[PDB]
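Residue numbers (the UniProt record's numbering), protein chains in the order written: chain A, 2 to 307; chain B, 2 to 307; chain C, 2 to 307. Backbone N, C-alpha and C fix where the C-beta goes; we use that ideal spot for every residue, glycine too. Have a look at the structure below, then the notes.
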Amino acid sequence: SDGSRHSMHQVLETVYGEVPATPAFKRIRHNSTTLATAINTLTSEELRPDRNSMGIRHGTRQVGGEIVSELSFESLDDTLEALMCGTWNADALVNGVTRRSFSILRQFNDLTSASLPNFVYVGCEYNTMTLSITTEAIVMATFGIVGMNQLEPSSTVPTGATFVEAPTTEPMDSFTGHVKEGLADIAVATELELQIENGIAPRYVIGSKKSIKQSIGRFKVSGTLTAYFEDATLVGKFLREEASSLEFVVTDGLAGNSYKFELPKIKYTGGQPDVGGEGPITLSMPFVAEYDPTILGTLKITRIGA
Amino acid sequence: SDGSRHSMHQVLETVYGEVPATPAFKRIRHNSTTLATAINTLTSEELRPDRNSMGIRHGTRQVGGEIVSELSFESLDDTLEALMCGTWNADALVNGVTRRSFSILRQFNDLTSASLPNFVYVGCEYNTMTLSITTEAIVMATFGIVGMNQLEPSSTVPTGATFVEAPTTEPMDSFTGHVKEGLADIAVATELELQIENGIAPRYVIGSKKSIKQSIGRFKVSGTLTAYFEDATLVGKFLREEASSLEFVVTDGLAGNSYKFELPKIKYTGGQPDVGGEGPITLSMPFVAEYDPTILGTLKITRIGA
Amino acid sequence: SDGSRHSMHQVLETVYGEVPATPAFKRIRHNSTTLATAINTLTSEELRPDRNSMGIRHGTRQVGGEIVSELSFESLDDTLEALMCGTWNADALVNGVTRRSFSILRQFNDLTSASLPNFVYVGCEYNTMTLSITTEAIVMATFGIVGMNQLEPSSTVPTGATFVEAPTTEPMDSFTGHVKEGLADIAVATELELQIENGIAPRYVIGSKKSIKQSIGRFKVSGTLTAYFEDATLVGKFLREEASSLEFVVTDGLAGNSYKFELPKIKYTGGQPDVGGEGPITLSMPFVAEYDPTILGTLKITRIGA
C-alpha cells in the first residue's frame with residue numbers, strides 16, 4: 002500500500018469499546034498517522050542446559066497512535082471538544098469533565114478488497130495535543146489518542162459505516178495574529194507553542210487482554226513562547242514573579258472565519274537573552290498555564306467564524 | 002601507521018589464555034576493527050587542604066574489540082562454529098555448548114620492525130554476531146569478542162606463527178529468490194536482520210589483573226524483519242498469537258556454494274503500517290526465536306556449497 | 002538586540018554579592034556569553050475536582066554564564082588567576098585556594114537607553130575551564146561561572162562604572178615545536194585538550210531567594226590527548242602502569258609572548274589504535290592529572306611574555 006491512497010474516518014461511541022450500530026464515520030483531514038496497537042511480552046526464564054531460548058508470552062494489547070492534522074475551520078472541532086472534555090457552547094469551549102470515546106477506521110484505498118484494507122480501532126480517546134505557530138508556516142495540530150484494542154482486518158466495512166466528509170476550509174495561516182500578552186499590550190512574539198495533556202492511562206484486570214477503562218488525569222496546559230530581545234518588557238516578568246496572560250488568534254485565508262485561544266493565567270518559567278556570536282538576539286520564554294476562576298477553567302477556545 | 006597496510010591472524014587455543022606452541026595463525030578477511038584492551042580505574046578519596054587531585058589506581062583489564070567482515074563461503078566458518086558453540090557436522094551447524102578460545106594477532110605491515118607492529122591478544126572468545134541483509138548491498142557479519150588480556154607489542158612474531166591464508170571467495174550477495182516464512186509460503190520481505198548473543202561475561206579474583214575465566218551466558222537469537230505493507234498476511238500475525246518460522250539463504254554468486262539460515266520457531270513482537278506523509282507503506286516486524294525440538298536447537302546454519 | 006553590538010565588562014568584588022563603590026569594569030575579550038539567572042519551580046499538588054492546573058511557585062535563583070573566549074596574551078589573566086584560585090607570582094601560577102568573586106556587566110550597545118541595556122550579574126565565580134588546541138585552529142578557552150543573582154535591567158550603569166579595556170593581543174596559534182611528554186621526549190601529538198574544575202556549588206538557606214555562599218570543592222585537572230599511531234612509544238604507557246608528564250606551549254605569531262602549561266604527573270586512562278577501514282590510524286589517549294610535590298600543585302601556568 003502507498004500513503005497516497007488512504008482514508009481515515011471516526012464515529013462517536015455510545016458504549017465504550019464498541020462500534021455503534023450505524024457508525025457515522027466522519028472524514029479526518031490529516032497529513033501523517035502512526036495509529037497502531039502495542040502487545041506486552043512475558044518472557045520465560047526456564048533454565049535450559051543447551052541455553053536454548055525458551056521464548057516469550059504475549060500480553061494485554063493497547064491501541065496507541067499519533068495523527069498530524071493542519072488547523073482549519075469547521076474541522077477538528079469534535080477533536081478539540083473531546084480533548085478539552087467540554088461542550089461547544091456559544092462557539093466557546095472551556096476545559097471541563099466530558100470524556101468522549103470514538104471508533105477510528107483506517108481504510109487503504111490502494112489495498113484491494115481481498116487484501117482487507119479496513120482497519121477498525123475502538124475505544125480511541127484523545128489524550129495529547131501539540132499546537133505550533135510559526136511565521137509563514139501553516140499552523141498544525143498533532144493529536145495523540147489512547148485506544149482500548151483493534152479489530153482484525155476485514156473486507157467488509159462496519160455494518161452501516163456511513164462515511165461523512167470533512168469541510169475542506171483553507172488551512173489557517175500565521176498572519177493577522179492577535180497575539181496579546183498584557184492587559185492591553187500586544188506582544189512582538191515570533192513563534193508560539195501550546196501543549197495540552199489529559200493524562201489518560203489504561204487499566205487492565207485479570208482475564209482481560211485490553212484496557213477495560215482508561216484512567217484520565219488532571220487537564221494540563223503548558224507552552225513555549227519565543228520572541229526577539231528587542232522588546233525588553235518580556236525581560237523581568239521571569240526575574241520577578243509576575244502573572245501575565247496569553248491570547249492569540251489564527252487567521253484563515255481571508256475566509257472571514259477564525260478561532261481564538263486564551264490563557265487568562267500564565268507564569269514565565271524561563272527566559273534568557275544570549276549574544277550567540279553575531280546575529281539578532283532571540284528570547285525563549287516557556288510558561289505554565291494555571292486555573293483561572295473568571296472563566297472557570299485554564300483554557301478557552303472561541304470561534305469567531307463568519 | 003595507515004589502515005591500508007593492516008592484517009589480522011587467529012589460532013585456536015589448546016589452553017585458555019596462552020598462545021599454542023606453533024600457532025597456525027589464519028588470515029581473517031575483514032573491513033574495519035575496534036579490538037583493544039580496557040583497564041578499570043580505582044580512584045582515591047582522601048581530603049586535601051590544597052584540594053590537590055589525590056590520584057587514581059589502575060584496576061583489572063579486559064580485551065574488547067569489534068570486527069566487521071563481509072559474509073563469504075569457505076570463510077568465517079570457524080567464527081560461526083565457535084560463536085554457535087556447536088560443531089560443524091554434515092555441513093550443518095546447530096547451537097551447542099563446546100566453547101572455543103582463540104589468539105588474534107594484529108600485524109601493521111606499514112609499521113617498521115623496530116616499531117613493534119605485532120599485536121597479540123589471548124583468550125579471545127566470540128561473544129556476539131550481527132547479520133544484516135539489504136537489497137543490492139553486500140551481506141556483512143559483525144563480530145564482538147571478549148579477550149583475557151593483550152600481550153605487549155614486540156618485533157618478533159609468536160614462536161612458529163605460521164600465517165595461514167583465507168580463501169577469497171566472492172562475498173555473499175542478497176539476490177536470492179528464497180525467503181520462506183510459512184510452511185511453504187515465500188515472503189516478500191525486503192531487509193532481514195539477525196543478532197546472536199552468548200552472554201559471555203568475565204570473572205575476576207584476588208591477585209589477578211586479568212580475567213581467569215568467562216562464565217558463558219544463555220544463547221540468545223533474535224532479529225528484525227522489514228517488508229512492504231502490500232502483503233497483508235504478515236499484518237495481523239503480530240496482533241494474534243502465531244508462531245511462524247524464518248528461512249533465508251545468502252547467495253555467494255554463480256558458484257553453487259551458499260549458506261542457509263533457518264529459525265524453525267519464531268513469533269513477531271511488533272508490526273506497524275504507517276501511511277506517513279507520502280510514498281509506499283513499509284512494515285517492520287521484529288521477532289524473537291525460541292527452542293524447536295525438531296532440530297534440538299534455536300538456529301541451524303547449513304552449507305549447500307558446491 | 003543583535004549579537005553585533007554588545008559589550009561585556011567585569012570588576013573584582015571586595016564584598017561577596019555586591020558591586021564595589023566605583024566598579025573598575027574591565028572589558029572581557031570573548032566570542033559569546035550566556036550570562037543569565039535560573040529560578041526553580043515549586044509545583045502545587047492540590048487535588049482539584051475540575052482537574053484544573055493548580056499552578057507552580059517560583060523558588061531559589063542562581064546565575065550561570067558560559068564565556069567562550071580565544072586564548073591570548075595580556076588577557077584572561079585575572080580569569081586564570083581566579084579559576085586557579087592562586088596568585089600570579091613571577092609570571093607563574095599554581096592551583097591555590099584563594100577564591101575571587103567578580104561582578105559581570107553585559108551592555109547591549111544597540112539597545113536604546115530607555116530599553117535598559119545594562120545587565121549586571123553579582124557573585125560571579127569562575128568554576129570550569131575548557132581549553133582546546135587544534136592544528137591551524139585558534140586556541141579557544143570556555144569559562145563557566147557560578148553567580149548569586151542577576152540585578153534588574155536599568156538605564157544608568159553602576160555608580161562609577163569605569164570601563165577599563167583588556168589589552169587586545171593577536172590570538173594564540175597552535176604552531177609550536179614544543180610538546181613535551183617524557184623527561185626530554187617531544188611528542189607527536191596532533192590535538193590536545195585540557196579541562197579544569199573547581200567544584201563550586203551553591204548554598205541555600207531559609208528566607209533567602211539567592212545563594213548566600215558557594216561551598217567550593219577540590220581542584221580537578223584532566224584532559225584528552227590525541228596523536229598518530231606512527232609513534233609506538235605512547236602505546237604501552239596505558240597498557241603498563243606508567244606516570245608520564247605533559248608540557249605544551251601556545252605560540253603568538255611573531256609577538257614572542259607565550260603561555261606555558263605544565264602537568265608534572267599524569268597517567269593515561271585509555272588508548273586505542275583504530276583501523277577504521279582506511280586512511281591513517283589515530284590514537285586517543287585520555288589522561289588524568291594528580292598532585293606533584295615538586296611544584297606543590299597539579300598545574301603550573303607560566304608566562305614567558307616579552
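First and last residue of the uninterrupted beta strand (DSSP E) at residue i
| i | result |
| --- | --- |
| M85 of chain C | It is not in any beta strand (DSSP E) - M85 of chain C instead sits in the alpha helix (DSSP H) that spans 78-85. |
| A138 of chain C | 138-148 |
| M286 of chain B | 283-290 |
| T177 of chain C | Unbroken run through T177 of chain C: none, as it is neither H nor E. |
| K214 of chain B | 214-216 |
| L226 of chain C | 221-229 |
| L94 of chain A | 93-95 |
| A202 of chain C | 202-204 |
Boundaries of the alpha helix (DSSP H) in which residue i is found, first to last residue
| i | result |
| --- | --- |
| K27 of chain B | Unbroken run through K27 of chain B is the beta strand (DSSP E), 25-28; no alpha helix (DSSP H). |
| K238 of chain B | Here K238 of chain B belongs to no alpha helix (DSSP H), and DSSP marks it neither H nor E. |
Which residues DSSP lists as bridging residue i, in chain order
| i | result |
| --- | --- |
| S133 of chain C | C:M141, C:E194 |
| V12 of chain A | A:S104 |
| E263 of chain A | A:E248, A:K301 |
| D3 of chain C | A:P281 |
| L117 of chain C | None; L117 of chain C has no bridge partner. |
| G65 of chain B | B:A37, B:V147 |
| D293 of chain B | B:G298 |
| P168 of chain C | Answer by DSSP bridge pairing: none, since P168 of chain C is not bridged. |
| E71 of chain C | C:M141 |
| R58 of chain A | A:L43 |
| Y17 of chain C | DSSP, once it has assigned bridges, lists no residue as partnering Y17 of chain C. |
| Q273 of chain C | C:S285 |
| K268 of chain A | A:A244, A:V289 |
| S155 of chain A | A:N119 |
| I187 of chain B | B:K181 |
| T163 of chain B | B:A25 |
| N110 of chain C | Bridge partners of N110 of chain C: none, in fact. |
8 angstroms contact criterion, which residue i and residue j should meet: CB distance rounded
| i | j | result |
| --- | --- | --- |
| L240 of chain B | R62 of chain A | 7 angstroms |
| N96 of chain A | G280 of chain A | So it is not a contact: roughly 39 angstroms between Cβ atoms. |
| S245 of chain B | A290 of chain B | That pair is no contact at about 11 angstroms. |
| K261 of chain B | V250 of chain B | 5 angstroms |
| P154 of chain B | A233 of chain C | 6 angstroms |
| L284 of chain A | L247 of chain A | 15 angstroms between Cβ atoms; not a contact. |
| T252 of chain C | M173 of chain C | 7 angstroms |
| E243 of chain C | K301 of chain C | At roughly 21 angstroms, the Cβ-Cβ gap does not stay under 8 angstroms, so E243 of chain C and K301 of chain C are not in contact. |
| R219 of chain C | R49 of chain B | 6 angstroms |
| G66 of chain B | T34 of chain B | 6 angstroms |
| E182 of chain B | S2 of chain A | About 19 angstroms; that fails the 8 angstroms criterion. |
Next item on the list: Would you list, in chain order, the members of the stretch 9-41 of chain A that have their beta-carbon closer than 9 angstroms to a beta-carbon of chain B?
Entry: So the close ones are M9, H31, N32, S33, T34, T35, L36, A37, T38, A39, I40.
Notebook entry, point to check: Looking at C-beta atoms only, is the number of pairs between the stretch 19-26 of chain A and the stretch 102-109 of chain A that lie closer than 8 angstroms three or more?
Noted result: yes
Margin query: When you compare the stretch 119-134 of chain C with the stretch 26-33 of chain C, are there three or more beta-carbon pairs, one atom per stretch, that lie closer than 8 angstroms?
Written below: no
Check: Taking any Cβ of chain A, which residues in the stretch 49-60 of chain C have a Cβ under 8 angstroms from it, in chain order?
Finding: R49, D51, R52, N53, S54, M55, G56, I57, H59
Item checked: Against chain C: residues of the stretch 78-107 of chain B by CB proximity under 7 angstroms -> none
Notebook entry, point to check: Per the contact definition of three or more C-beta pairs closer than 8 angstroms, is the stretch 39-49 of chain B in contact with the stretch 135-152 of chain B?
Noted result: no
Checklist line | Cβ-based contacts, 8 angstroms cut-off: residues of the stretch 281-303 of chain C near chain B | finding: Within the stretch 281-303 of chain C, the qualifying residues are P281, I282, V289, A290, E291, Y292, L297, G298, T299.
Next item on the list: Evaluate contact between the stretch 210-224 of chain C and the stretch 170-183 of chain C, counting only Cβ atoms and requiring at least three cross-stretch pairs below 8 angstroms.
Entry: no
Next item on the list: Would you check if the stretch 188-202 of chain C and the stretch 131-138 of chain C touch, i.e. whether three or more CB-CB distances between them fall below 8 angstroms?
Entry: Yes, they touch.
Next item on the list: Would you list, in chain order, the members of the stretch 140-169 of chain C that have their beta-carbon closer than 7 angstroms to a beta-carbon of chain A?
Entry: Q151, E153, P154
Margin query: Quick check: the stretch 72-79 of chain A against the stretch 157-172 of chain A, are at least 3 beta-carbon pairs closer than 8 angstroms?
Written below: Touching, yes.
Margin query: Beta carbons nearer than 9 angstroms to chain B: which residues of the stretch 202-228 of chain A have them?
Written below: none
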